[PDB]
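There are 2 protein chains.
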Amino acid sequence: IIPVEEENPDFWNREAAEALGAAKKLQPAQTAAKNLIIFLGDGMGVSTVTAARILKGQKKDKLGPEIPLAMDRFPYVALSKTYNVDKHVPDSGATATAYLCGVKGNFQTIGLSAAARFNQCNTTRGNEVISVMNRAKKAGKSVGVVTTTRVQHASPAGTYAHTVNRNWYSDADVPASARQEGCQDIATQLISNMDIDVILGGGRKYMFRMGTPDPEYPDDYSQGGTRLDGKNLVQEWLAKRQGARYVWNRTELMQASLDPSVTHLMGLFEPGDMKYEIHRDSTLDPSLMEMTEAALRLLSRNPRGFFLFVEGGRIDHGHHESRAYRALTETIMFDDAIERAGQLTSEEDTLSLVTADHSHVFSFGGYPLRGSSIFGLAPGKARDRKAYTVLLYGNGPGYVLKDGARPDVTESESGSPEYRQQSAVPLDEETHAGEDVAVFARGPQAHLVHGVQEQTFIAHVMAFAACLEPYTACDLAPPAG
Amino acid sequence: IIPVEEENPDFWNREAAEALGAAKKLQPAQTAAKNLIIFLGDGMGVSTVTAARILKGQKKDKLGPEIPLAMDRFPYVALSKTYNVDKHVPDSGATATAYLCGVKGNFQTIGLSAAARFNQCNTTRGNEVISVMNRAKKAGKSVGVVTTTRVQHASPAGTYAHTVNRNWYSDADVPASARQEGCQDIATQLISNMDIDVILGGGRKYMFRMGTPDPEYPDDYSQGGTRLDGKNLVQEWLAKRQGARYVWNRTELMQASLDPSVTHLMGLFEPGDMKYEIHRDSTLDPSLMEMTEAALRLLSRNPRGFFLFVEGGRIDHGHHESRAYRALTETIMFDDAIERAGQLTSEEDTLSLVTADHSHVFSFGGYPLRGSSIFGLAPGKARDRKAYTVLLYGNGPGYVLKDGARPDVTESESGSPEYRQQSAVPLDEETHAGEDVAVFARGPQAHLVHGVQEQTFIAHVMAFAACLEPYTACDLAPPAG
Ligand SMILES: *[C@@H]1O[C@H](CO)[C@@H](O[C@@H]2O[C@H](CO)[C@@H](O)[C@H](O)[C@H]2NC(C)=O)[C@H](O)[C@H]1NC(C)=O
Ligand SMILES: *[C@@H]1O[C@H](CO)[C@@H](O[C@@H]2O[C@H](CO)[C@@H](O)[C@H](O)[C@H]2NC(C)=O)[C@H](O)[C@H]1NC(C)=O
Ligand SMILES: *[C@@H]1O[C@H](CO)[C@@H](O[C@@H]2O[C@H](CO)[C@@H](O)[C@H](O)[C@H]2NC(C)=O)[C@H](O)[C@H]1NC(C)=O
Ligand SMILES: *[C@@H]1O[C@H](CO)[C@@H](O[C@@H]2O[C@H](CO)[C@@H](O)[C@H](O)[C@H]2NC(C)=O)[C@H](O)[C@H]1NC(C)=O
Ligand SMILES: N[C@@H](Cc1ccccc1)C(=O)O
Ligand SMILES: N[C@@H](Cc1ccccc1)C(=O)O
Ligand SMILES: N[C@@H](Cc1ccccc1)C(=O)O
Ligand SMILES: N[C@@H](Cc1ccccc1)C(=O)O
Ligand SMILES: [Ca+2]
Ligand SMILES: [Ca+2]
Ligand SMILES: [Mg+2]
Ligand SMILES: [Mg+2]
Ligand SMILES: [Zn+2]
Ligand SMILES: [Zn+2]
Ligand SMILES: [Zn+2]
Ligand SMILES: [Zn+2]
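Put into structure tokens, the structure is as follows:
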């Protein structure tokens with residue numbers, strides 16, 4: 001459909017005049033960032049952003065593409081080059097090293113320079129690269145890690161961990177030789193490497209000894225503790241800190257976040273990754289936005305400021321399943337968390353960056369009409385006389401042949417939360433994609449986020465803005481009130 | 001392969017430190033743009049840019065992704081929302097209206113507000129929106145249109161034409177009713193709507209009466225004149241202007257561009273679109289870079305400045321064929337033209353924008369090793385036990401079933417200039433994609449290109465920078481020397 005107001009050139013001329021006015025008003029800060037937030041949309045490439053924008057727009061009863069996401073309102077944009085040192089199409093671990101530690105690494109390692117080698121424990125030491133979050137903590141800031149994945153998953157692990165193998169969630173995953181060589185599982189590193197004030201996400205199971213029933217699924221043994229060393233890492237973490245609280249459900253999280261005596265909060269809401277938002281039990285589990293707010297309640301108390309990592313972690317997972325419905329709904333929730341954080345913080349003293357670790361082979365094509373559902377069929381039949389969807393994947397588990405032929409698809413099928421968009425090539429999991437991703441920035445020194453940059457720039461501009469190592473001689477004035 | 005220098009964190013820290021230094025040195029101009037250049041990569045979405053960067057890097061014997069394209073060096077980047085008023089996934093005509101005239105339009109129309117309707121001549125009048133190029137000419141600037149497509153193709157036509165049907169190249173294409181209603185074919189509009197100092201690209205055939213042999217293919221009747229009105233539009237254009245020259249080959253173009261007495265130059269190098277660079281006859285046909293230089297030689301003479309449109313027009317065509325080899329080699333040539341223009345102009349007085357009209361359902365995935373060919377196979381077999389390529393398309397003519405199965409592919413096959421990457425859905429032509437495209441900007445007022453903008457912003461920032469209508473009260477100082 002053609003919106004009538006848009007048929008008039010004045011509509012476009014006014015909008016552009018306003019955009020020019022806003023552009024002209026942008027001025028760089030001469031002051032440091034008190035607070036740092038990185039919002040990481042895992043797998044949230046440019047095609048994901050646009051498709052999510054359209055979906056979000058339509059959920060708000062608009063046509064879609066004209067409605068800004070919260071991230072779209074950020075004044076500064078750059079393109080970020082995501083290649084890992086060893087692979088053009090990266091993984092989450094080595095990209096986390098880039099955007100969290102400011103150094104590129106090798107595929108499937110975390111918090112290590114590219115001198116380290118995947119799954120070779122004996123290449124670890126000397127190659128640890130320290131995250132901006134770690135540097136923020138050393139400088140006296142409170143720090144928080146919030147994600148819809150396991151808190152031991154590759155992205156959040158980038159803020160605290162150093163490992164040659166992102167798969168080493170608990171000691172059960174670490175080969176005996178690596179255990180003897182002292183390569184700690186990620187769950188251990190979570191509680192041991194550094195003090196983290198707020199830890200929120202999934203990954204209960206890695207914290208408890210094998211045979212420990214999960215509190216939420218005591219009748220599903222597969223959800224229980226994984227640990228072989230008999231340690232209760234939650235208990236160990238709590239014992240180290242007065243005012244520390246552990247929560248496994250939403251209501252306790254709420255309670256803890258409002259409690260002045262709670263100085264450290266660990267909230268682990270599922271045994272593994274958290275449920276997709278569309279599957280979330282809102283009585284038991286906090287949304288990403290809620291976890292973000294909980295974190296900010298505690299982190300904001302520190303007069304020295306905070307560093308916060310917030311991950312839309314299952315955007316990535318939706319794309320891997322080639323279920324764009326899941327990828328895009330996760331993206332919207334992620335954008336909602338960005339919006340919520342912007343309400344709770346000031347751009348006068350908070351540098352906020354939104355980015356992705358990398359993209360996916362997700363495309364938005366055909367020639368759909370304005371206002372049509374992002375999950376709909378492209379107008380017109382394909383050359384095999386069957387329908388096709390506007391959303392497609394280059395590869396992944398949506399590839400199907402029924403009776404030797406590409407299956408037809410209906411609008412009813414294509415719109416289902418379980419629908420897998422078709423691909424060119426069958427794979428159990430759709431792949432990441434290697435094209436540049438966006439960086440959106442606002443707050444002190446956000447104007448430094450510009451042009452086309454290496455992904456490592458994300459970490460460096462954040463360290464610079466808050467005058468953290470290696471930029472303690474940042475030459476910035478104190479954060480604005 | 002892992003480049004040794006990149007294994008050291010210092011490599012990344014130094015690079016980022018330098019990037020921060022460069023970012024900090026950026027300062028907005030207080031002065032106007034004397035010259036305006038828009039480089040339009042037709043179909044050149046973010047995945048195209050990255051894949052082209054890698055290819056270009058490797059052509060220069062580097063690993064690929066670490067080597068900047070000329071466009072990558074532009075300091076200011078924004079995301080541009082490409083939706084047409086009536087379609088989420090746009091065409092070249094209505095996007096041209098946006099980035100050339102600053103108003104969004106309906107799919108397959110050119111230079112018209114969205115009050116007009118595709119293929120309805122009687123909805124034209126009153127809906128004409130004037131291009132920045134036209135406004136530049138009114139302000140006394142010289143103006144140039146350079147493209148590897150027909151100069152009457154949708155993108156270049158955006159600079160001068162107003163039509164409800166981009167397919168109306170010559171009067172032969174215009175239905176009798178539209179001809180009677182005075183809807184001029186694009187070739188006519190090219191010579192009649194406005195004075196254009198330099199016109200370079202394809203589209204000879206639309207200028208000459210049916211039965212006129214093409215000068216380059218006199219023995220191929222299909223390449224001859226198309227016109228039904230008996231007009232020689234080249235002769236008409238020449239007759240209107242003293243110092244006007246028409247050329248149909250490279251050597252005459254060279255000659256004309258160096259000739260002080262040549263004030264107007266029309267160079268039409270093929271009957272229709274120009275050959276892909278990989279097929280170009282370098283004795284008969286100028287590359288895009290050469291056409292760009294020729295144009296700049298003439299345009300730069302005017303003390304009031306110039307507006308120049310330069311299009312990498314067949315990037316788009318390569319993707320439609322699902323021949324990434326063609327899309328990417330066109331992209332490199334386009335980037336070479338950008339580089340060449342930057343050598344011949346000063347960013348002190350020239351605002352240059354590089355953008356795309358829209359993207360394609362082109363993806364770069366699998367998990368290829370650093371330094372591997374962009375046209376190679378993804379490591380590892382697909383679920384059907386056959387190989388697949390790192391480059392894929394969501395849809396398009398690369399979809400194949402041999403003996404009811406997806407064909408296997410070899411590196412030799414996949415690397416061929418004729419190879420069509422596989423897709424999920426067979427279509428005669430692969431489709432455009434609707435995700436945001438990049439805008440790169442440098443020169444006076446380039447800092448205004450930021451954040452996420454409507455595609456119309458491109459036209460408006462250019463008009464603003466050169467103090468053209470509607471921004472004659474730009475309040476900028478005269479262009480810097
Ligand atoms: C990391 O450990 C591996 C042990 O697997 C070492 O690899 C061995 O190196 C020796 C000498 O080069 C070879 O003869 C063995 O065959 C290798 N073992 C295996 C099973 O791969 C490697 O040297 C160690 N790296 C470091 C940095 O100490
Ligand atoms: C959220 O977690 C809290 C803390 O574990 C749960 O509270 C416990 O619930 C059991 C069963 O009702 C009681 O016997 C304990 O006394 C409670 N402990 C505390 C500290 O209150 C609470 O039930 C959980 N919420 C849900 C919906 O399961
Ligand atoms: C453009 O021309 C078309 C002629 O095709 C006009 O459409 C006609 O309008 C009348 C009255 O609405 C209908 O009864 C006819 O059936 C239409 N003709 C056809 C064949 O479509 C249209 O009105 C014109 N638009 C403008 C702006 O004048
Ligand atoms: C490029 O175009 C020029 C101009 O049309 C061609 O020059 C003509 O060539 C014919 C055949 O040799 C001569 O008889 C004419 O005298 C030439 N005209 C002029 C004005 O020089 C030239 O041949 C073309 N180049 C190529 C390679 O075809
Ligand atoms: N990122 C995906 C799968 C993956 C495999 C290999 C490398 C990178 C990613 C996941 O963990 O859900
Ligand atoms: N923003 C959250 C607040 C919250 C914080 C902590 C736990 C739960 C909820 C909400 O909408 O509910
Ligand atoms: N842009 C393509 C095909 C196309 C068809 C319909 C709409 C837009 C584009 C071309 O002209 O080569
Ligand atoms: N840059 C062009 C110069 C040129 C201008 C005009 C015509 C032909 C060539 C070249 O490399 O040849
Ligand atoms: Ca739960
Ligand atoms: Ca030729
Ligand atoms: Mg992640
Ligand atoms: Mg074009
Ligand atoms: Zn990821
Ligand atoms: Zn992933
Ligand atoms: Zn196009
Ligand atoms: Zn096209």
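Sequence order for the protein chains is A and A'. A prime marks a further copy of an entry chain. Mind the numbering: the first sequence is residues 1 to 481 in PDB author numbering, read in order. Mind the numbering: the second sequence is residues 1 to 481 in PDB author numbering, read in order. For every residue, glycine included, the Cβ atom is placed at its ideal position computed from N, Cα and C.
By the C-beta criterion, the segment 434 to 452 of chain A is judged to be in contact with the segment 74 to 83 of chain A, since at least 3 inter-stretch pairs fall below 8 Å.
For ligand 5, no non-hydrogen atom lies closer than 8 Å to the CB of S372/A. In summary, the residues of the segment 79 to 93 of chain A' whose CB is separated from some CB of chain A by less than 9 Å are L79, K81, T82, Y83, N84, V85, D86, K87, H88, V89, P90, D91, in the order they occur in the chain. In the DSSP annotation of this structure, the continuous segment of the beta strand (DSSP E) that includes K81/A starts and ends at 76 to 81. Taking 8 Å as the cut-off, the C-beta of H317/A' counts as close to a heavy atom of ligand 16.
For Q453/A, the chain A' residues whose C-beta falls within less than 8 Å of its own C-beta are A19, listed in chain order. For the segment 397 to 425 of chain A', the residues whose beta carbon sits under 9 Å from a beta carbon of chain A are, in order, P397, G398, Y399, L401, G404, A405, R406, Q421, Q422, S423, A424, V425.
Inclusion of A294/A' in the 8 Å shell around ligand 8 follows from its C-beta lying nearer than that to a non-hydrogen atom of the ligand. Within the chosen limit of 8 Å, ligand 7 reaches the beta carbon of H432/A' through at least one heavy atom. Annotation for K381/A': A387 place their beta carbon closer than 7 Å to its own, counting only its chain and skipping 5 residues before and after. For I338/A, no chain A' residue has a Cβ inside 9 Å of its Cβ, as the nearest lies near 13 Å away. Under the criterion of beta carbons closer than 8 Å, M133/A and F307/A qualify as touching, at roughly 5 Å.
The beta carbon of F457/A falls within 9 Å of a beta carbon belonging to chain A', placing the residue at that interface. Distances between the C-beta of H320/A' and the heavy atoms of ligand 16 include at least one below 8 Å. Taking 8 Å as the upper bound for CB-CB distance, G43/A' and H358/A' are in contact here, some 7 Å apart. CA-CA distance, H360/A' to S363/A, rounds to 8 Å. Closest in alpha carbon position to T124/A, among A154/A, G313/A, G64/A, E181/A, is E181/A.
Secondary structure note for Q255/A: it is in no beta strand (DSSP E), and the uninterrupted alpha helix (DSSP H) holding it is 250 to 257.
Taking a beta-carbon distance threshold of 9 Å, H460/A' counts as an interface residue toward chain A.
The C-beta distance from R304/A' to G140/A' rounds to 4 Å, short enough to meet the 8 Å contact threshold.
The three-state secondary structure of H447/A', taken from DSSP, is helix. Contact fails between the segment 453 to 461 of chain A and the segment 8 to 25 of chain A, because fewer than three Cβ pairs, one in each stretch, are under 8 Å apart.
Between ligand 3 and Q120/A', a heavy atom-to-CB distance of less than 8 Å is present. Per the C-alpha coordinates, the member of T159/A, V4/A, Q235/A positioned closest to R117/A' is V4/A.
Judged by DSSP in its simplified three-state form, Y393/A' adopts strand.
The straight-line gap separating the alpha-carbon atoms of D173/A and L228/A is approximately 10 Å. Contact between the segment 135 to 150 of chain A and the segment 459 to 479 of chain A is present: three or more C-beta pairs spanning the two stretches fall below 8 Å. Note on the segment 376 to 420 of chain A: whole alpha helix (DSSP H) runs with a minimum of 4 residues are 411 to 414, in chain order.
Within the segment 249 to 310 of chain A, the runs of beta strand (DSSP E) at least 3 residues long that lie entirely inside it are, in chain order, 264 to 268. By the neighbour-count criterion, in which 16 or more other beta carbons inside 10 Å mark a residue as buried, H153/A' falls on the buried side.
By the rule that beta-carbons nearer than 9 Å mark a contact, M71/A touches chain A'. Put simply, of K34/A, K231/A, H317/A the residue whose alpha carbon is nearest the alpha carbon of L476/A is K34/A. Bridge pairing for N232/A': absent [DSSP]. Short note on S92/A': C-beta closer than 8 Å to some heavy atom of ligand 16. When DSSP reads this structure, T472/A sits in no beta bridge, so it has no partner. Taking all protein chains in view, the Cβ of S282/A is surrounded by fewer than 16 other Cβ atoms within 10 Å, so the residue is classified as exposed.
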